């Protein structure tokens, strides 16, 4: 188990989008953003890799390594300090996403946690939940897919700590997303993203699906909430990768050419739930999918279950 990197209380990330619709890249600011947020992305990637290795079986040391890393950032109060707002709110988005990665890794490995590790990590995850939630108390923070992604960390924290009030908080975020889906499947705030409209519909679907899967672990069937809406959105995404005609028309721009990757791996879960699974065959074939922000290997979790059976 390698030594965990430093976990700073603060995040000083800088945005890279240079248009109002947030679909034009400043490649220099992007590259400088990937360097300022490197410790966060690398922490996420490691705890997800450790959790995946634990889930293969006969590797309890991997699960304990995840918990050593999580405990270390809990003890240093990582990400509980100041959030810089420069160019946009990329710092808050990184606190949302990294909370999600840490919470998922804990949810997957917590069977191996010592009692002190439980107290440290769960207190940290619940504080991250409160901090990330409070960000959205300002109504000028528009609740697009970043709001839905905020639900990932809150929900994995809720399930892992058996905190029903946090569970209901995540439910409100999930339901807010489902409620935003229009009758034809559009999410208007993501359709405003021009050439990235398909991309952002794809990445808005991912946290909703994952939250619904986690809810199954608590005995709740969130997939039935306004049943029909999530399928409409998910089918548009699959259709879009097959034929971007609809996204071209609805968004007013030719979609960037892209193939499903990483967070697109929500399809690994949803193809087992949909009334029309074969629509997702081509996205499924683009796998396997890995996203630390969603707990790691989505292809394997969809068939194994999110939380491996403890030895």
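Positions refer to the first chain, counted from 1.
Remark: stretch with higher mean C-alpha B factor among 35-43 and 265-273 is 35-43.
Per the PDB record, of the two stretches 275-283 and 50-58, 50-58 carries the greater mean B-factor over its C-alpha atoms. Looking only at 188, 151, 81, 177, the residue with the top Cα B factor in the deposited structure is 81. When the C-alpha B-factors of 122, 164, 231, 89 are ranked from the entry, the top spot goes to 89. When all modelled residues of the chain are sorted by CA temperature factor, residue 67 is found within the lowest third. Ranked within its chain, residue 235 lands in the lowest third, by CA B factor from the PDB record. Among the modelled residues of the chain, residue 288 sits in the middle third by CA temperature factor in this PDB entry. Remark: residue 299 belongs to the lowest third of its chain, ranked by C-alpha B-factor as recorded.
Sort the chain's modelled residues by C-alpha temperature factor and residue 129 lands in the middle third, per the entry.
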